[PDB]
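As structure tokens, the structure follows; a few thoughts come after it.
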Ligand SMILES: *C/C=C(C)/C=C\C=C(C)\C=C\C1=C(C)CCCC1(C)C
Ligand SMILES: *C(=O)CCCCCCCCCCCCCCC
Ligand SMILES: *C(=O)CCCCCCCCCCCCCCC
């Protein structure tokens, strides 16, 4: 009353949770780090994703419908970083307090919300593609089509949102956390309403995808055993340059799938630790969930949205191709060599004169036109 005080942790527009109050304040330096640190991720991430969008949307050698996913992901993880990063969290941090609106805090999360599920759920979609290009027997393969793709996207979106929109209507809720500088979902209060949402969040916005992801990269792994007989047995029926077109086109997609695995490898590790912390604080030793118990790990997890680019930039071919032509200075520590792209190119050579036995071909692979 007339210049209100209580402690550091007091935040005028947001109802802190008692738990975050029962501790003593973190030092002036962690906040700044927490600032500086998540500033770096605003940059890096809105960098990569931006580029990534920019390349994959312009570079002609990449208009493959399957990639519109890459786009989507580059997109999600961008937004995320944009918002989740600067300006909100970094300032809250530089000023040990969350300057922005209550709704500011409500959104900050929702965003991350959508865009956490987006990235993850999306990988699934990709993984679906790889299965249609590698797990199913050579004979039955279906490459991605501008149509299917765009539907999936939309399935994704609706979804991504659905499971994070809950809190925006009181089922669960978003407030401050850790050092009260960022914002996040409510995993403390164990009432019937909050707890109910929380579990859907885990099963629906997270496991739900994982099941699918795993379901593929197994069905694929196991169907490779079979591939060597198919790449050797239909390696008899062909010329010396159509076999390379078959192995090169089978040696490449492979990589794409290998890459996306290393991503899901990425996503899985950065979120789960915090994720674990979450459930704990929702089911076990709440006394444990100390400041660092939530904040130090929620960082690694927000960070999860800025690796893909770096990862790609050390392993995707066609990409590096485009990097180097407009932005080589980035590949400064992982330079390009004309070699890598050969494997691909030979996938797109044409047909008049080579392979025509007395058992003529017509394959079934997305060529319908009105
Ligand atoms: C930094 C602010 C954050 C991370 C706010 C919100 C996060 C979510 C809605 C997260 C949902 C999930 C994550 C991060 C990992 C496990 C699965 C999940 C759906 C509970
Ligand atoms: C070759 O080694 C490429 C990586 C070079 C590492 C240099 C970057 C270190 C992290 C600094 C982050 C940007 C700082 C922005 C200016 C303060
Ligand atoms: C080609 O150069 C590909 C890019 C290589 C990545 C450069 C690494 C800089 C990333 C900064 C983050 C590392 C800080 C250490 C914290 C674990």
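All residue numbers here begin at 1 and follow the chain in the order shown.
Backbone N, Cα and C define each Cβ position, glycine as well.
In the compositional bias 'Acidic residues' (340-349), helix, strand and coil residues by DSSP number 4 helix, 0 strand, 6 coil. Under the heading compositional bias 'Acidic residues', Swiss-Prot lists 340-349.
If you draw a 10 Å sphere around the CB of residue 105 (disulfide bond), it holds 24 other CB atoms from the protein chains shown. The disulfide bond annotation in Swiss-Prot covers 105-183, and the record cites experimental evidence as its basis.
The N-linked glycosylation site feature in Swiss-Prot is assigned to 5. Taking a C-beta cut-off of under 8 Å and a sequence gap of six or more, residue 5 (N-linked glycosylation site) has no contacts in its own chain.
Residues or ranges marked as S-palmitoyl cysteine in Swiss-Prot (evidence: experimental evidence): 333 (among others). In the three-state DSSP reading, residue 333 (S-palmitoyl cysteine) counts as helix.
Feature annotation from Swiss-Prot assigns S-palmitoyl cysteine to 334 (among others); the stated evidence is experimental evidence.
Other Cβ atoms within 10 Å of the Cβ of residue 302 (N6-(retinylidene)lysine) number 24 in total over all chains. Annotation note: residue 302 (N6-(retinylidene)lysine) sits in a helical segment as assigned by DSSP. Annotation source Swiss-Prot lists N6-(retinylidene)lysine at 302, citing experimental evidence.
If you look at the topological domain 'Cytoplasmic' (56-67), the same-chain residues 6 or more away from its ends with a CB under 8 A from one of its CBs are 74, 126, 129, 143-149, 318-319, 321-322. Sequence annotations record features per position, and here Swiss-Prot assigns topological domain 'Cytoplasmic' to 56-67 (among others).
As annotated by Swiss-Prot, topological domain 'Extracellular' applies to 95-106 (among others), with the evidence given as experimental evidence. Sequence-distant contacts of the topological domain 'Extracellular' (95-106), counting only residues of its own chain at least 6 positions beyond either end whose CB sits under 8 Å from a CB of the stretch, comprise 8, 11, 13-14, 25, 28, 31, 88, 167-168, 174-176, 179-181, 183.
Annotation source Swiss-Prot lists topological domain 'Cytoplasmic' at 129-148 (among others), citing experimental evidence. Taking H, G and I as helix, E and B as strand and the rest as coil, DSSP gives the topological domain 'Cytoplasmic' (129-148) the counts 13 helix, 0 strand, 7 coil.
Here Swiss-Prot flags 170-196 (among others) as topological domain 'Extracellular'. Here the topological domain 'Extracellular' (170-196) has long-range neighbours at 9, 11, 14-17, 19-20, 26, 30-31, 34, 38, 84, 88-89, 92-93, 96-98, 104-106, 108-110, 112-113, 278-279, 281-282, 286, 291, 294-295, 298, 302, meaning same-chain residues at least 6 beyond its ends whose C-beta is under 8 angstroms from one of its own.
Helix, strand and coil content of the topological domain 'Cytoplasmic' (222-258), in residues and according to DSSP, is 28 helix, 0 strand, 9 coil. Positions annotated as topological domain 'Cytoplasmic' by Swiss-Prot, on the basis of experimental evidence: 222-258 (among others).
Annotated topological domain 'Extracellular' per Swiss-Prot: 281-290 (among others), in sequence order, evidence recorded as experimental evidence. Here the topological domain 'Extracellular' (281-290) has Cβ contacts under 8 Å with residues 19, 23, 187-188, 190, 195, 198 of the same chain, all six or more residues outside its ends.
Marked as transmembrane segment by Swiss-Prot on the basis of experimental evidence: 31-55 (among others).
Below 8 angstroms of C-beta separation, residues 31-32, 34-35, 38-39, 41-42, 45-46, 48-50, 52-53, 56-57, 100, 104, 107-108, 111-112, 114-116, 118-119, 122-123, 125-126, 129, 146, 149-150, 152-153, 156, 160, 179-183, 302, 304-306, 308-309 of the same chain, each at least six residues beyond the ends of the transmembrane segment (68-94), sit close to that stretch. Residues or ranges marked as transmembrane segment in Swiss-Prot (evidence: experimental evidence): 68-94 (among others).
Here the transmembrane segment (107-128) has Cβ contacts under 8 Å with residues 66, 69-70, 72-73, 76-77, 79-80, 83-84, 88-89, 152-153, 156-157, 159-161, 163-165, 167-168, 174, 182-185, 205-206, 208-210, 212-213, 216-217, 260, 263-264, 267, 271, 302, 304-305 of the same chain, all six or more residues outside its ends. Summarising the annotation, Swiss-Prot assigns transmembrane segment to 107-128 (among others).
If you look up Swiss-Prot, you'll see 149-169 (among others) marked as transmembrane segment.
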Residue among recorded positions 183, 333, 334 with least C-beta crowding, 10 angstrom cut-off: 333
Contact between the transmembrane segment (31-55) and the transmembrane segment (259-280) (3 or more Cβ pairs under 8 Å, separation 6+): no
Of 5, 105, 302, 333, 334, recorded positions neighbouring ligand 1, Cβ under 6 A: 302
Using Cα positions only, nearest of the recorded positions to residue 183 (disulfide bond) (302, 333, 334): 302
In sequence order, those recorded positions of 5, 302, 334 whose CB lies under 6 Å from ligand 3: 334
